[PDB]
Amino acid sequence: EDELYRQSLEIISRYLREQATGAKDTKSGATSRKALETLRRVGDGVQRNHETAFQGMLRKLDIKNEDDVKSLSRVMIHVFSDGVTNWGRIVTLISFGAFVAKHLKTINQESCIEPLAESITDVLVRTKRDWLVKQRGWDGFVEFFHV
Amino acid sequence: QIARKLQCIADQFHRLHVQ
C-alpha cells in the first residue's frame, strides 16, 4: 500500500545486511539497483572517513538489543529537528546504520538488523515523505550523487 | 551529542563532495 516505504526499506535493509554479512543478496528494480550501487560508493566512503567518530558514537549509544534501537530512532529524529533535510544527512544516517549493523553482527544480534533498517526507514519515509517526493525519491538520490 | 555530531559529519561530507 506504501510503495515509497517498501522501496526505501528494500534499499536500506539490503545495504545494511550486505555490509554486515559481506555478501550481496540474491532474492522498481532499476532505480533500486542504481541507488544501492550509489549507496555502496558513497556510504562506504562516509564510514571510512569517519570511522573513529562512528566508533565513539556507537559506544555512547550502547546497543545491545532490539530495544536499544529506539535510542537510535530518537537520535535520528533529532538530526532533522532543525528543519533541514538533505541527501548528505540521509546518507550519513544510512552509513551510521550500516556501521551499527556491523556491530550487531559482531555481537551475535543479527536478527536486530531488520528492525534497525525499519527504524531508519521510518524516520525518512514517515517524517520526510514530502521532501523525498519532491526530490523524485530514489531517482533523485541517484542523480544527486552521479559521478 | 550524537545528533549534533552526525549533523557535523553530514556537513563535512557535503563540503568535501561539492563540485
# chains A, B, ... in the order shown; residues from 1 in each chain; ligands from 1
>>> residues_around(residues="residue B:3", least_positions_apart="5", cutoff="9 Å", atoms="only C-alpha atoms", output="list in words")
residues 75, 76, 77, 78, 79 and 80 of chain A; 8 of chain B
>>> write_last_selection(atoms="N, CA, C and O atoms", output="compact mmCIF listing (two decimals), in the first residue's frame")
# COMPACT_ATOMS: atom_id res chain seq x y z
N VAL A 75 17.62 9.55 18.28
CA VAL A 75 18.79 10.29 17.83
C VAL A 75 18.61 10.78 16.39
O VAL A 75 18.94 11.92 16.06
N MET A 76 18.06 9.91 15.54
CA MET A 76 17.89 10.23 14.13
C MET A 76 16.86 11.32 13.89
O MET A 76 17.03 12.17 13.02
N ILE A 77 15.77 11.30 14.67
CA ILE A 77 14.77 12.35 14.60
C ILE A 77 15.40 13.69 14.96
O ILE A 77 15.15 14.71 14.32
N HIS A 78 16.23 13.67 16.00
CA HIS A 78 16.90 14.87 16.49
C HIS A 78 17.79 15.51 15.43
O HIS A 78 17.97 16.73 15.42
N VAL A 79 18.33 14.69 14.54
CA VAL A 79 19.18 15.18 13.46
C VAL A 79 18.44 16.18 12.57
O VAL A 79 19.01 17.18 12.13
N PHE A 80 17.16 15.92 12.33
CA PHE A 80 16.36 16.76 11.46
C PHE A 80 15.52 17.78 12.23
O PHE A 80 14.66 18.44 11.65
N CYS B 8 27.24 17.46 11.97
CA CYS B 8 28.56 17.97 11.62
C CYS B 8 29.20 17.13 10.52
O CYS B 8 29.78 17.66 9.57
>>> interface_residues(of="chain B", to="chain A", cutoff="7 Å", atoms="only C-alpha atoms", output="MDAnalysis selection string")
chainID B and resid 2:4 6:7 10 13:14
>>> write_last_selection(atoms="C-alpha atoms", output="PDB file, in the first residue's frame")
ATOM      1  CA  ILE B   2      25.370  12.208  18.843  1.00  0.00           C
ATOM      2  CA  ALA B   3      22.749  14.005  16.742  1.00  0.00           C
ATOM      3  CA  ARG B   4      24.912  17.135  16.568  1.00  0.00           C
ATOM      4  CA  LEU B   6      26.016  13.363  12.758  1.00  0.00           C
ATOM      5  CA  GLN B   7      24.934  16.822  11.610  1.00  0.00           C
ATOM      6  CA  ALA B  10      26.886  15.426   7.109  1.00  0.00           C
ATOM      7  CA  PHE B  13      30.510  15.298   3.639  1.00  0.00           C
ATOM      8  CA  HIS B  14      28.798  17.974   1.544  1.00  0.00           C
TER       9      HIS B  14
END
>>> residues_around(residues="residue A:106", least_positions_apart="4", cutoff="12 Å", atoms="only C-alpha atoms", output="VMD selection string")
chain A and resid 19 to 21 63 to 64 99 to 102 110 to 113
>>> select_by_dssp(residues="chain B", states="alpha helix (DSSP H)", output="compact mmCIF listing (two decimals) with N, CA, C and O atoms, in the first residue's frame")
# COMPACT_ATOMS: atom_id res chain seq x y z
N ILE B 2 25.30 13.07 20.01
CA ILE B 2 25.37 12.21 18.84
C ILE B 2 24.69 12.83 17.62
O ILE B 2 25.25 12.82 16.53
N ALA B 3 23.50 13.38 17.83
CA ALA B 3 22.75 14.00 16.74
C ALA B 3 23.50 15.19 16.14
O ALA B 3 23.50 15.39 14.93
N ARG B 4 24.15 15.97 17.00
CA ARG B 4 24.91 17.13 16.57
C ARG B 4 26.16 16.71 15.80
O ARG B 4 26.56 17.37 14.84
N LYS B 5 26.76 15.61 16.22
CA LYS B 5 27.95 15.08 15.55
C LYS B 5 27.61 14.56 14.15
O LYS B 5 28.35 14.80 13.20
N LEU B 6 26.49 13.85 14.05
CA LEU B 6 26.02 13.36 12.76
C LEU B 6 25.72 14.53 11.82
O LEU B 6 25.96 14.44 10.61
N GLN B 7 25.19 15.61 12.38
CA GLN B 7 24.93 16.82 11.61
C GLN B 7 26.24 17.40 11.09
O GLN B 7 26.35 17.79 9.93
N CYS B 8 27.24 17.46 11.97
CA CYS B 8 28.56 17.97 11.62
C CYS B 8 29.20 17.13 10.52
O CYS B 8 29.78 17.66 9.57
N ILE B 9 29.09 15.81 10.65
CA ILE B 9 29.65 14.89 9.67
C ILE B 9 28.97 15.05 8.31
O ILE B 9 29.63 15.07 7.27
N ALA B 10 27.65 15.19 8.33
CA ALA B 10 26.89 15.43 7.11
C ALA B 10 27.33 16.72 6.43
O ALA B 10 27.33 16.81 5.20
N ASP B 11 27.71 17.71 7.23
CA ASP B 11 28.19 18.98 6.69
C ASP B 11 29.56 18.84 6.04
O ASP B 11 29.80 19.39 4.96
N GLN B 12 30.45 18.10 6.69
CA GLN B 12 31.78 17.85 6.14
C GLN B 12 31.67 17.09 4.83
O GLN B 12 32.39 17.37 3.87
N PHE B 13 30.75 16.12 4.81
CA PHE B 13 30.51 15.30 3.64
C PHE B 13 30.12 16.14 2.42
O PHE B 13 30.61 15.90 1.32
N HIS B 14 29.24 17.11 2.63
CA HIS B 14 28.80 17.97 1.54
C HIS B 14 29.92 18.86 1.02
O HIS B 14 30.14 18.97 -0.19
N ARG B 15 30.64 19.50 1.94
CA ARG B 15 31.71 20.43 1.58
C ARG B 15 32.86 19.71 0.88
O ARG B 15 33.58 20.30 0.08
N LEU B 16 33.03 18.43 1.19
CA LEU B 16 34.08 17.62 0.58
C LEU B 16 33.69 17.19 -0.83
O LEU B 16 34.55 16.96 -1.68
N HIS B 17 32.39 17.10 -1.08
CA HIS B 17 31.89 16.50 -2.32
C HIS B 17 31.23 17.49 -3.28
O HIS B 17 30.79 17.10 -4.36
